[PDB]
Structure formats: C-alpha cells, structure tokens
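Enquirer: Right, I'll just put the structure down here and ask away after.
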Amino acid sequence: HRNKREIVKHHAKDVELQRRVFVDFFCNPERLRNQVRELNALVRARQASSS
Amino acid sequence: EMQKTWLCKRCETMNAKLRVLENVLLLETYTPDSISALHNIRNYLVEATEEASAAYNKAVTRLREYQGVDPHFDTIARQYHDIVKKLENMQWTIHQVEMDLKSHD
Amino acid sequence: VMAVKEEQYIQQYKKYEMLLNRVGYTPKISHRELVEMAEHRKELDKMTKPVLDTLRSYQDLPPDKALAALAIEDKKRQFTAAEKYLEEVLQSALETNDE
Amino acid sequence: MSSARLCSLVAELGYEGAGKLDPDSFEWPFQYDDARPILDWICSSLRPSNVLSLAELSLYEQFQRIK
Amino acid sequence: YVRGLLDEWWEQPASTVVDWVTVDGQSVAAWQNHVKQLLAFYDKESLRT
Amino acid sequence: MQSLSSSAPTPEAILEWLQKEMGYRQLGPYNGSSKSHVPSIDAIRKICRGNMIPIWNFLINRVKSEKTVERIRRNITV
C-alpha cells in the first residue's frame, strides 16, 4: 500500500512521459479527432501501472 | 500454563476476526447497481414500465394486422411468393401475449 | 514482528457492526427493477425476434403493396410504439443500469 | 420485512403513496416507515418478524454445546 | 454469510486489497483525461498553433 | 410500488399492467381455452386478480413477476 497507492500517483505522469516521447509523435494529429475519445488510447498505459 | 491465557487471548479474537469480515461481500455486490436505486429517487420510472406496459394489449391488433393484404387482393396475385413467408407470422400473437407483456413484466 | 503488525490484527474489532450486510437485497429490491427497465428493452427488442423474418415479408410490401405499406408496416410498430410514449423516462433511469 | 409488501398495497392507492417514492429502494426498512401503526398492530406483526430474525439468530443457538 | 470468507483472507494476505486501489483509479481514468489534458492536450496546440 | 403509481402506470395499462404478472402463467392453460386467445385475456384480466393478489400491488418496482418471481417472493423475508 506504500507503493500500490503511490503507483496511482505515478501514472498521473507515467502514462504521460512515454506518451509524450513517442506516442504523441503519431497521436498529436490524432488528438484533433481524439480530443474526447483519447481515454481508449489511454487504457494501454494506465492498467500497466496497476502492477 | 500461559497458553490458557495468551495462546487463548486469541480465542476471543479468532471468533471475532473470522466473523467480522463475513458480512462484507454481500453489501459490496450491489454498490455498482445501487446507483439506479439511488440516482433515481424520483426517477423510479420502473413505473414507466407500467406506463409503457401497453405493449401487451396490441396483441389483439396483431390478430388483424396482416389483414390489410385482403382489400388489395390483386397485389399478391403478382406477388404470390411473399405470402409463404407471412405464414409463420399469423399465429405469433397467441404466444406474443407471454412476451409483449413480458416486454414490461 | 507483533510490535506494529498487530494493527490489522486489532482492527478486526471496530468492524463488528458490519453484520448489517443483509441489506444487500435492498438495492437488489430496487435496482433490479431499475435494470428491469433495461431488461424490458431487450424484451421490447423481443418484439422483432419473430418479426425479423416478417421484415423479409415486410420488405416485399412497398414494392407491391405501396399504398398498403402505410397500413400494415406501421401496424407492426403499433405494439412497439405502445411503449415509446413513456420509454424516454424509462431510458432516463435504466441508463443508470446500462449507460 | 413482510410490511414492505404492506406498503405494496399502496400501489392501487398510489396517490397516497407519494411519500413512499424514495423507499422504493429502502424497502427492507419499511418496518420503521410504518412505526406509528406498530403500537396498534404489534400482535399481528410479532410472529413474522420473530421467526424472520431467528434465521440469523439460529447460528448462536449451538454455542451452548516381553522382557 | 460465506460471501465474506475471502475478506478475512483480505486482512493478513491483503495483496488483493492493495491490488484494486488502481481499478477504482482506473474507474476514474475518464476523470484522469483532464490530468491527461494538462500534458497531452498541450501537445494539441503544438500543431494547432 | 408507490408514488407515480396509480396515476400513469395503472389506468392506461389496465389490460396490460395488472395482468402481465401471470401472462406467461395463464397463456398455455387458461388464455387458450377461448377461441379469441388475446381478447379473452381482457376478460381474464378480471379473473387474474382472484388467482393472484399480491404482485398487483408491486406496481412501479416489482410487479414484473415474469422476471421478478425470484424477487417478489424474497421481499417477504429477505
């Protein structure tokens, strides 16, 4: 619980750092049409942090 | 000598620790569905099920729904093949009763 | 090892009043009816499950019974529109069960 | 809990059950919702609530036991 | 009330208890889209502007 | 089973609400004896009260006994 609860605070930026470095290189044009639906594009990084 | 006291000071804890957690899952199995029981205090339109239950009595209208072919009898004269598919629909209203009120029951 | 890890061992007593779990049926008393509204929609959807083969016959009406297509087609919808006038508020609460 | 089905009888008398709109969820606690008639109909309502509560209470009955 | 039998095993062997502290966080991942917005949607203006 | 219960749900569906509880029950045995299957249930809608009183009173919430059968009865005790 020291880390399982804290890893929630990590993915506030963990699903962002790898997303910005490489994922945004093919998702920034997508975000114009993904300005609402991007949470589905977010599931592949948030559940990884659940471990 | 001390096991009747300290090895048994948990005689009054294993009774409790085992028991207390038992009455936990049953309540937790209904919280995700409890929103509709609580977000719908005035929206208990489970009443609208019976305000919309009128889906049943139109089974009578199903007895006389396909009878619009009869006035234009010459239409099926050139379309004699379609009536074969219409055969399996005339008697559904008998058992539609069970469903069209199950539509709201 | 029991200096501090007994906390979870001694926390088992504050949850003694938890025996109230029998109230679990109380939402099931209601929300099942609330999702019955959702269950009615699939039973509303059962209107066409014998009629899905009738749409095969209904497809052949407008080409032939063009004028009669406005007296038999919607007549099937009459037992599906027999609920729509209070279906919107039904959807307003089964969405808490579905949406 | 059978008194919840008593509040059901307010179905056809729906215009009087307007206050019984929220308890459409809280239906188990209908005993306290009808607390006022309890003192006048406790005799009729003593037998259902007793055995109904005995089902959970029955778990404690066995606590008594060559060279 | 056998339903809560595993909940006693959720006390000392409570790996499950700390395991689902993320699924409810995952349940608010839609609310985390705003948290996603402060950095990801800031890259939207990179090509928008 | 109360509130907006005997005003909108009850009267427009007198042939529909208050007999749908046993519409699956009586369809085979009792709703088929007469030649007019469905129209007889309009008269059977009256007699449906005699064979089964209580779920009629489960108006807004749990009158839907065709799929509330495990829930109409458990409201007695559970």
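For the structure tokens, the naming scheme is as follows: chains receive sequential letters (A, B, ...) according to their order of presentation, residues are indexed from 1 within each chain, and ligands are indexed from 1 in presentation order.
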Quick one: which residues from chain B are at most 10 Å off chain D, using only C-alpha atoms, as a PyMOL selection string?

Expert: chain B and resi 34+36-38+40-44+46

Enquirer: Could you write those residues out with N, CA and C atoms, as a PDB file, in the first residue's frame?

Expert:
```pdb
ATOM      1  N   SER B  34     -26.344  -0.097  -7.305  1.00  0.00           N
ATOM      2  CA  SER B  34     -27.094   0.731  -6.368  1.00  0.00           C
ATOM      3  C   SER B  34     -27.283   2.160  -6.858  1.00  0.00           C
ATOM      4  N   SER B  36     -28.689   3.174  -9.656  1.00  0.00           N
ATOM      5  CA  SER B  36     -30.057   3.288 -10.142  1.00  0.00           C
ATOM      6  C   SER B  36     -31.077   3.252  -9.014  1.00  0.00           C
ATOM      7  N   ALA B  37     -30.755   2.603  -7.895  1.00  0.00           N
ATOM      8  CA  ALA B  37     -31.632   2.640  -6.733  1.00  0.00           C
ATOM      9  C   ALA B  37     -31.513   3.944  -5.956  1.00  0.00           C
ATOM     10  N   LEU B  38     -30.479   4.742  -6.219  1.00  0.00           N
ATOM     11  CA  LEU B  38     -30.256   5.991  -5.505  1.00  0.00           C
ATOM     12  C   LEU B  38     -30.227   7.221  -6.401  1.00  0.00           C
ATOM     13  N   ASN B  40     -32.059   7.492  -8.865  1.00  0.00           N
ATOM     14  CA  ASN B  40     -33.400   7.552  -9.429  1.00  0.00           C
ATOM     15  C   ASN B  40     -34.459   7.628  -8.337  1.00  0.00           C
ATOM     16  N   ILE B  41     -34.258   8.505  -7.349  1.00  0.00           N
ATOM     17  CA  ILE B  41     -35.221   8.627  -6.256  1.00  0.00           C
ATOM     18  C   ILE B  41     -36.576   9.078  -6.787  1.00  0.00           C
ATOM     19  N   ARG B  42     -36.593  10.149  -7.581  1.00  0.00           N
ATOM     20  CA  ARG B  42     -37.801  10.490  -8.318  1.00  0.00           C
ATOM     21  C   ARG B  42     -37.857   9.775  -9.658  1.00  0.00           C
ATOM     22  N   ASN B  43     -36.711   9.307 -10.154  1.00  0.00           N
ATOM     23  CA  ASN B  43     -36.620   8.634 -11.441  1.00  0.00           C
ATOM     24  C   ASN B  43     -36.861   7.135 -11.326  1.00  0.00           C
ATOM     25  N   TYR B  44     -37.645   6.697 -10.341  1.00  0.00           N
ATOM     26  CA  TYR B  44     -38.065   5.302 -10.315  1.00  0.00           C
ATOM     27  C   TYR B  44     -39.121   5.095 -11.387  1.00  0.00           C
ATOM     28  N   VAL B  46     -39.371   2.790 -13.229  1.00  0.00           N
ATOM     29  CA  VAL B  46     -39.891   1.432 -13.181  1.00  0.00           C
ATOM     30  C   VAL B  46     -41.408   1.529 -13.265  1.00  0.00           C
TER      31      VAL B  46
END
```

Enquirer: Neighbouring residues of segment 27-35 of chain A were defined as those with any atom within 9 Å, considering only C-alpha atoms; residues of the same chain fewer than 5 positions away were excluded. Please report them as a PyMOL selection string.

Expert: (chain A and resi 19+22+41) or (chain E and resi 37+40-41+43-48)

Enquirer: If we count only C-alpha atoms, which residues of chain E reach to within 10 Å of chain C? Please list them as a ChimeraX atom specification.

Expert: /E:1,4,8,11-12

Enquirer: Show me, as a count of residues only, every residue of chain D with an atom at most 12 Å from chain E, counting only C-alpha atoms.

Expert: 3

Enquirer: Could you check how far atom CA of residue 54 of chain B sits from atom CA of residue 82 of chain C, in Å to one decimal?

Expert: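 For atom CA of residue 54 of chain B relative to atom CA of residue 82 of chain C, the distance reads 5.2 Å.
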
Enquirer: Check every residue of chain B for an atom within 10 Å of chain F, counting only C-alpha atoms, and provide those that qualify as a PyMOL selection string.

Expert: chain B and resi 42+44-63+93-105

Enquirer: Those same residues - N, CA, C and O atoms - I'd like them written as a compact mmCIF listing (two decimals), in the first residue's frame.

Expert:
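Now in again17.txt:
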```
# COMPACT_ATOMS: atom_id res chain seq x y z
N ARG B 42 -36.59 10.15 -7.58
CA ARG B 42 -37.80 10.49 -8.32
C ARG B 42 -37.86 9.77 -9.66
O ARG B 42 -38.94 9.61 -10.22
N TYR B 44 -37.65 6.70 -10.34
CA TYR B 44 -38.07 5.30 -10.32
C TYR B 44 -39.12 5.09 -11.39
O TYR B 44 -40.26 4.73 -11.09
N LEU B 45 -38.74 5.33 -12.64
CA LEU B 45 -39.63 5.13 -13.77
C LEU B 45 -39.74 3.67 -14.16
O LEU B 45 -40.12 3.34 -15.29
N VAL B 46 -39.37 2.79 -13.23
CA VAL B 46 -39.89 1.43 -13.18
C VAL B 46 -41.41 1.53 -13.27
O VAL B 46 -42.08 0.61 -13.74
N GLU B 47 -41.96 2.65 -12.78
CA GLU B 47 -43.36 2.97 -13.02
C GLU B 47 -43.64 3.13 -14.51
O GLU B 47 -44.68 2.68 -15.01
N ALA B 48 -42.72 3.77 -15.25
CA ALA B 48 -42.92 3.93 -16.69
C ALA B 48 -42.91 2.60 -17.42
O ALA B 48 -43.40 2.53 -18.55
N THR B 49 -42.36 1.55 -16.81
CA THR B 49 -42.57 0.21 -17.35
C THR B 49 -44.05 -0.10 -17.48
O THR B 49 -44.51 -0.59 -18.52
N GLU B 50 -44.82 0.20 -16.44
CA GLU B 50 -46.26 0.00 -16.48
C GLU B 50 -47.01 1.20 -17.05
O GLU B 50 -48.18 1.06 -17.40
N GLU B 51 -46.36 2.36 -17.16
CA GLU B 51 -46.88 3.41 -18.04
C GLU B 51 -46.60 3.10 -19.50
O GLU B 51 -47.25 3.68 -20.38
N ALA B 52 -45.63 2.24 -19.78
CA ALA B 52 -45.37 1.76 -21.13
C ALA B 52 -45.79 0.32 -21.33
O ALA B 52 -45.56 -0.24 -22.41
N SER B 53 -46.41 -0.30 -20.33
CA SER B 53 -46.81 -1.70 -20.43
C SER B 53 -47.82 -1.96 -21.54
O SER B 53 -48.10 -3.13 -21.83
N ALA B 54 -48.32 -0.91 -22.19
CA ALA B 54 -49.33 -1.05 -23.24
C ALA B 54 -48.82 -1.83 -24.44
O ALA B 54 -49.55 -2.05 -25.41
N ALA B 55 -47.55 -2.27 -24.39
CA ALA B 55 -47.03 -3.14 -25.43
C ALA B 55 -47.77 -4.48 -25.48
O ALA B 55 -47.69 -5.17 -26.50
N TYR B 56 -48.48 -4.85 -24.42
CA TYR B 56 -49.16 -6.14 -24.39
C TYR B 56 -50.42 -6.13 -25.25
O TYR B 56 -50.54 -6.90 -26.21
N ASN B 57 -51.39 -5.27 -24.91
CA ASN B 57 -52.75 -5.41 -25.43
C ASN B 57 -52.82 -5.25 -26.93
O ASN B 57 -53.84 -5.62 -27.53
N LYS B 58 -51.78 -4.71 -27.56
CA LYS B 58 -51.74 -4.64 -29.02
C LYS B 58 -51.54 -6.00 -29.67
O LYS B 58 -51.41 -6.06 -30.90
N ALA B 59 -51.49 -7.08 -28.89
CA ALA B 59 -51.54 -8.41 -29.48
C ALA B 59 -52.86 -8.64 -30.20
O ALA B 59 -52.91 -9.38 -31.18
N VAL B 60 -53.94 -8.02 -29.72
CA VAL B 60 -55.20 -8.04 -30.45
C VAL B 60 -55.02 -7.41 -31.82
O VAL B 60 -55.53 -7.92 -32.83
N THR B 61 -54.30 -6.29 -31.89
CA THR B 61 -54.01 -5.66 -33.17
C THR B 61 -53.17 -6.57 -34.06
O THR B 61 -53.20 -6.40 -35.29
N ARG B 62 -52.43 -7.51 -33.49
CA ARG B 62 -51.68 -8.48 -34.28
C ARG B 62 -52.58 -9.53 -34.92
O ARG B 62 -52.21 -10.09 -35.96
N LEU B 63 -53.75 -9.81 -34.33
CA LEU B 63 -54.71 -10.68 -35.00
C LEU B 63 -55.23 -10.08 -36.30
O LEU B 63 -55.57 -10.82 -37.22
N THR B 93 -49.18 -13.96 -32.40
CA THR B 93 -49.90 -13.18 -31.40
C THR B 93 -50.40 -14.03 -30.24
O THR B 93 -50.60 -13.50 -29.14
N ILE B 94 -50.61 -15.33 -30.45
CA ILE B 94 -51.03 -16.20 -29.36
C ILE B 94 -49.95 -16.28 -28.29
O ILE B 94 -50.22 -16.08 -27.10
N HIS B 95 -48.71 -16.54 -28.70
CA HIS B 95 -47.59 -16.57 -27.78
C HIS B 95 -46.92 -15.21 -27.62
O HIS B 95 -46.10 -15.05 -26.71
N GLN B 96 -47.24 -14.24 -28.47
CA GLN B 96 -46.77 -12.88 -28.24
C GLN B 96 -47.26 -12.35 -26.91
O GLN B 96 -46.57 -11.56 -26.26
N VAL B 97 -48.45 -12.79 -26.48
CA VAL B 97 -49.03 -12.42 -25.19
C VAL B 97 -48.00 -12.60 -24.09
O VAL B 97 -47.74 -11.66 -23.33
N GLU B 98 -47.39 -13.78 -24.01
CA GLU B 98 -46.40 -14.02 -22.97
C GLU B 98 -45.26 -13.01 -23.04
O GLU B 98 -44.74 -12.58 -22.01
N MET B 99 -44.89 -12.60 -24.26
CA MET B 99 -43.72 -11.75 -24.43
C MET B 99 -44.09 -10.27 -24.39
O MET B 99 -43.42 -9.47 -23.73
N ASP B 100 -45.14 -9.87 -25.13
CA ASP B 100 -45.43 -8.44 -25.24
C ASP B 100 -45.85 -7.82 -23.92
O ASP B 100 -45.79 -6.59 -23.78
N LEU B 101 -46.29 -8.63 -22.95
CA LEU B 101 -46.39 -8.14 -21.59
C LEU B 101 -45.12 -8.39 -20.79
O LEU B 101 -44.80 -7.60 -19.90
N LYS B 102 -44.39 -9.46 -21.11
CA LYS B 102 -43.02 -9.58 -20.61
C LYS B 102 -42.17 -8.42 -21.09
O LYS B 102 -41.20 -8.04 -20.43
N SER B 103 -42.52 -7.85 -22.25
CA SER B 103 -41.94 -6.58 -22.68
C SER B 103 -42.00 -5.54 -21.57
O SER B 103 -41.20 -4.60 -21.57
N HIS B 104 -42.94 -5.68 -20.63
CA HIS B 104 -42.96 -4.86 -19.43
C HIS B 104 -43.30 -5.66 -18.18
O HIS B 104 -43.77 -5.08 -17.19
N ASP B 105 -43.09 -6.98 -18.20
CA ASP B 105 -43.23 -7.80 -16.99
C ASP B 105 -42.09 -8.81 -16.89
O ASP B 105 -41.87 -9.41 -15.84
```

Enquirer: Give the residues of chain C that lie within 8 Å of chain B; count only C-alpha atoms, and format the answer as a VMD selection string.

Expert: chain C and resid 9 12 to 13 15 to 24 27 to 28 30 to 31 33 to 37 40 to 44 46 to 47 50 to 51 53 to 54 56 to 57 60 64 to 65 68 71 to 72 75 to 76 78 to 87 89 to 90 92 to 94 96 to 97

Enquirer: Would you mind listing what lies within 12 Å of residue 48 of chain A as a PDB file with N, CA and C atoms, in the first residue's frame, with only C-alpha atoms counted and same-chain residues fewer than 4 positions away left out?

Expert:
```
ATOM      1  N   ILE A   7       1.677   4.197  -6.671  1.00  0.00           N
ATOM      2  CA  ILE A   7       1.795   3.992  -8.110  1.00  0.00           C
ATOM      3  C   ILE A   7       0.616   4.621  -8.841  1.00  0.00           C
ATOM      4  N   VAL A   8      -0.496   4.859  -8.140  1.00  0.00           N
ATOM      5  CA  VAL A   8      -1.579   5.653  -8.709  1.00  0.00           C
ATOM      6  C   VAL A   8      -1.098   7.071  -8.985  1.00  0.00           C
ATOM      7  N   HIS A  10       1.976   7.823  -9.520  1.00  0.00           N
ATOM      8  CA  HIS A  10       2.975   7.725 -10.581  1.00  0.00           C
ATOM      9  C   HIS A  10       2.341   7.769 -11.967  1.00  0.00           C
ATOM     10  N   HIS A  11       1.225   7.062 -12.178  1.00  0.00           N
ATOM     11  CA  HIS A  11       0.699   7.029 -13.539  1.00  0.00           C
ATOM     12  C   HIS A  11       0.059   8.349 -13.941  1.00  0.00           C
ATOM     13  N   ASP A  14       3.237   8.837 -15.473  1.00  0.00           N
ATOM     14  CA  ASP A  14       3.841   7.697 -16.159  1.00  0.00           C
ATOM     15  C   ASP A  14       3.150   7.412 -17.487  1.00  0.00           C
ATOM     16  N   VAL A  15       1.828   7.576 -17.545  1.00  0.00           N
ATOM     17  CA  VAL A  15       1.088   7.345 -18.781  1.00  0.00           C
ATOM     18  C   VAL A  15       1.230   8.576 -19.664  1.00  0.00           C
ATOM     19  N   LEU A  42      -5.708   5.698 -23.889  1.00  0.00           N
ATOM     20  CA  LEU A  42      -5.019   5.780 -22.609  1.00  0.00           C
ATOM     21  C   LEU A  42      -5.033   4.465 -21.838  1.00  0.00           C
ATOM     22  N   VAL A  43      -5.906   3.521 -22.204  1.00  0.00           N
ATOM     23  CA  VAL A  43      -6.048   2.298 -21.417  1.00  0.00           C
ATOM     24  C   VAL A  43      -4.790   1.440 -21.492  1.00  0.00           C
ATOM     25  N   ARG A  44      -4.039   1.522 -22.593  1.00  0.00           N
ATOM     26  CA  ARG A  44      -2.875   0.660 -22.761  1.00  0.00           C
ATOM     27  C   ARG A  44      -1.707   1.054 -21.867  1.00  0.00           C
TER      28      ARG A  44
ATOM     29  N   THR E  22      -6.087   0.531  -7.775  1.00  0.00           N
ATOM     30  CA  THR E  22      -5.871   1.112  -9.092  1.00  0.00           C
ATOM     31  C   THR E  22      -7.066   0.958 -10.021  1.00  0.00           C
ATOM     32  N   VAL E  23      -7.881  -0.086  -9.843  1.00  0.00           N
ATOM     33  CA  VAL E  23      -9.027  -0.284 -10.727  1.00  0.00           C
ATOM     34  C   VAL E  23     -10.080   0.795 -10.492  1.00  0.00           C
ATOM     35  N   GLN E  26      -8.556   3.363 -12.089  1.00  0.00           N
ATOM     36  CA  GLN E  26      -8.889   3.130 -13.490  1.00  0.00           C
ATOM     37  C   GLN E  26     -10.346   3.469 -13.772  1.00  0.00           C
TER      38      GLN E  26
END
```

Enquirer: What is the distance, in Å and to one decimal place, between atom CA of residue 3 of chain D and atom CA of residue 31 of chain D?

Expert: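 That distance, rounded to one decimal, is 6.2 Å.
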
Enquirer: Name the residues of chain F that fall into alpha helix (DSSP H) according to DSSP on the backbone, using the chain letters and numbers of this document, as a PyMOL selection string.

Expert: chain F and resi 9-12+23-26+37-51+65-72+74-77

Enquirer: Kindly export the residues of the current selection with N, CA, C and O atoms, as a compact mmCIF listing (two decimals), in the first residue's frame.

Expert:
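Contents of the output file out_30.txt:
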```
# COMPACT_ATOMS: atom_id res chain seq x y z
N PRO F 9 -49.13 4.69 -14.46
CA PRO F 9 -48.93 3.27 -14.81
C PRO F 9 -50.20 2.43 -14.79
O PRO F 9 -50.35 1.54 -15.64
N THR F 10 -51.12 2.68 -13.86
CA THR F 10 -52.28 1.82 -13.69
C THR F 10 -53.32 1.94 -14.81
O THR F 10 -53.67 0.93 -15.42
N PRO F 11 -53.85 3.14 -15.10
CA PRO F 11 -55.07 3.18 -15.93
C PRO F 11 -54.84 2.95 -17.41
O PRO F 11 -55.68 2.31 -18.06
N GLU F 12 -53.75 3.46 -18.00
CA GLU F 12 -53.58 3.27 -19.43
C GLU F 12 -53.30 1.81 -19.75
O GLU F 12 -53.53 1.36 -20.88
N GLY F 23 -49.26 -13.37 -17.23
CA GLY F 23 -49.50 -13.56 -18.65
C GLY F 23 -48.75 -14.76 -19.20
O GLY F 23 -49.26 -15.46 -20.07
N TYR F 24 -47.54 -15.00 -18.70
CA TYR F 24 -46.83 -16.23 -19.02
C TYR F 24 -47.41 -17.43 -18.28
O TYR F 24 -47.32 -18.56 -18.77
N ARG F 25 -48.00 -17.21 -17.10
CA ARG F 25 -48.56 -18.32 -16.34
C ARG F 25 -49.82 -18.86 -17.00
O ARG F 25 -49.98 -20.08 -17.13
N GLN F 26 -50.73 -17.98 -17.41
CA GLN F 26 -52.04 -18.38 -17.91
C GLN F 26 -52.10 -18.55 -19.42
O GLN F 26 -53.14 -18.98 -19.93
N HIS F 37 -57.89 -15.85 -28.22
CA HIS F 37 -56.87 -16.02 -27.19
C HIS F 37 -56.60 -14.71 -26.46
O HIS F 37 -56.86 -14.61 -25.26
N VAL F 38 -56.08 -13.72 -27.17
CA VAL F 38 -55.74 -12.43 -26.57
C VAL F 38 -56.99 -11.71 -26.06
O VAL F 38 -56.99 -11.24 -24.91
N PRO F 39 -58.07 -11.58 -26.85
CA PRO F 39 -59.25 -10.85 -26.34
C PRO F 39 -59.87 -11.47 -25.10
O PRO F 39 -60.44 -10.74 -24.28
N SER F 40 -59.79 -12.79 -24.95
CA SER F 40 -60.30 -13.41 -23.73
C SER F 40 -59.51 -12.96 -22.51
O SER F 40 -60.08 -12.83 -21.42
N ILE F 41 -58.21 -12.72 -22.67
CA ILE F 41 -57.40 -12.25 -21.55
C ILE F 41 -57.85 -10.88 -21.07
O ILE F 41 -57.57 -10.51 -19.92
N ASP F 42 -58.56 -10.12 -21.90
CA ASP F 42 -59.20 -8.90 -21.41
C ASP F 42 -60.25 -9.22 -20.36
O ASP F 42 -60.37 -8.51 -19.35
N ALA F 43 -61.03 -10.29 -20.57
CA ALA F 43 -61.92 -10.78 -19.53
C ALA F 43 -61.15 -11.54 -18.46
O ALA F 43 -61.47 -11.46 -17.27
N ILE F 44 -60.12 -12.30 -18.86
CA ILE F 44 -59.26 -12.97 -17.90
C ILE F 44 -58.50 -11.95 -17.06
O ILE F 44 -58.12 -12.23 -15.92
N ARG F 45 -58.29 -10.75 -17.61
CA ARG F 45 -57.70 -9.66 -16.84
C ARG F 45 -58.46 -9.41 -15.54
O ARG F 45 -57.85 -9.05 -14.53
N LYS F 46 -59.78 -9.60 -15.56
CA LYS F 46 -60.56 -9.53 -14.32
C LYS F 46 -60.25 -10.70 -13.39
O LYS F 46 -59.99 -10.50 -12.20
N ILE F 47 -60.27 -11.93 -13.92
CA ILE F 47 -60.13 -13.10 -13.06
C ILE F 47 -58.68 -13.29 -12.62
O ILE F 47 -58.41 -14.05 -11.68
N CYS F 48 -57.73 -12.61 -13.27
CA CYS F 48 -56.34 -12.72 -12.86
C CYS F 48 -56.13 -12.25 -11.42
O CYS F 48 -55.16 -12.64 -10.77
N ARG F 49 -57.04 -11.40 -10.91
CA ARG F 49 -56.93 -10.95 -9.53
C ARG F 49 -57.20 -12.08 -8.55
O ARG F 49 -56.53 -12.19 -7.52
N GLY F 50 -58.18 -12.94 -8.86
CA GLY F 50 -58.55 -13.99 -7.93
C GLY F 50 -57.43 -14.99 -7.71
O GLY F 50 -57.14 -15.39 -6.58
N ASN F 51 -56.78 -15.42 -8.80
CA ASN F 51 -55.72 -16.41 -8.67
C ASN F 51 -54.45 -15.83 -8.05
O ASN F 51 -53.64 -16.60 -7.52
N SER F 65 -43.48 -9.69 -12.36
CA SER F 65 -43.28 -11.00 -11.77
C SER F 65 -42.79 -12.05 -12.77
O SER F 65 -42.26 -13.08 -12.35
N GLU F 66 -42.97 -11.81 -14.07
CA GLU F 66 -42.48 -12.78 -15.06
C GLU F 66 -40.97 -12.91 -15.00
O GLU F 66 -40.42 -13.96 -15.37
N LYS F 67 -40.27 -11.88 -14.53
CA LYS F 67 -38.84 -11.96 -14.27
C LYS F 67 -38.48 -11.45 -12.88
O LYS F 67 -37.30 -11.37 -12.54
N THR F 68 -39.48 -11.10 -12.06
CA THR F 68 -39.26 -10.72 -10.67
C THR F 68 -39.73 -11.84 -9.73
O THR F 68 -39.82 -11.63 -8.51
N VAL F 69 -40.00 -13.03 -10.27
CA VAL F 69 -40.59 -14.10 -9.48
C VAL F 69 -39.67 -14.51 -8.34
O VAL F 69 -40.13 -14.82 -7.23
N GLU F 70 -38.36 -14.50 -8.57
CA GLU F 70 -37.40 -14.74 -7.51
C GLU F 70 -37.22 -13.54 -6.58
O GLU F 70 -36.55 -13.66 -5.55
N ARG F 71 -37.81 -12.40 -6.93
CA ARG F 71 -37.68 -11.17 -6.16
C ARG F 71 -38.99 -10.71 -5.53
O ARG F 71 -38.96 -10.04 -4.50
N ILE F 72 -40.13 -11.05 -6.13
CA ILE F 72 -41.42 -10.76 -5.49
C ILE F 72 -41.54 -11.53 -4.18
O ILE F 72 -41.99 -10.99 -3.17
N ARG F 74 -39.04 -13.04 -2.35
CA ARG F 74 -37.99 -12.76 -1.39
C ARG F 74 -38.19 -11.42 -0.68
O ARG F 74 -37.52 -11.18 0.33
N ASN F 75 -39.08 -10.57 -1.17
CA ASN F 75 -39.45 -9.36 -0.44
C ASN F 75 -40.28 -9.66 0.80
O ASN F 75 -40.48 -8.76 1.62
N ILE F 76 -40.78 -10.89 0.95
CA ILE F 76 -41.45 -11.27 2.19
C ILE F 76 -40.47 -11.31 3.35
O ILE F 76 -40.72 -10.74 4.42
N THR F 77 -39.33 -11.98 3.15
CA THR F 77 -38.37 -12.22 4.23
C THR F 77 -37.01 -11.60 3.96
O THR F 77 -36.50 -10.84 4.80
```
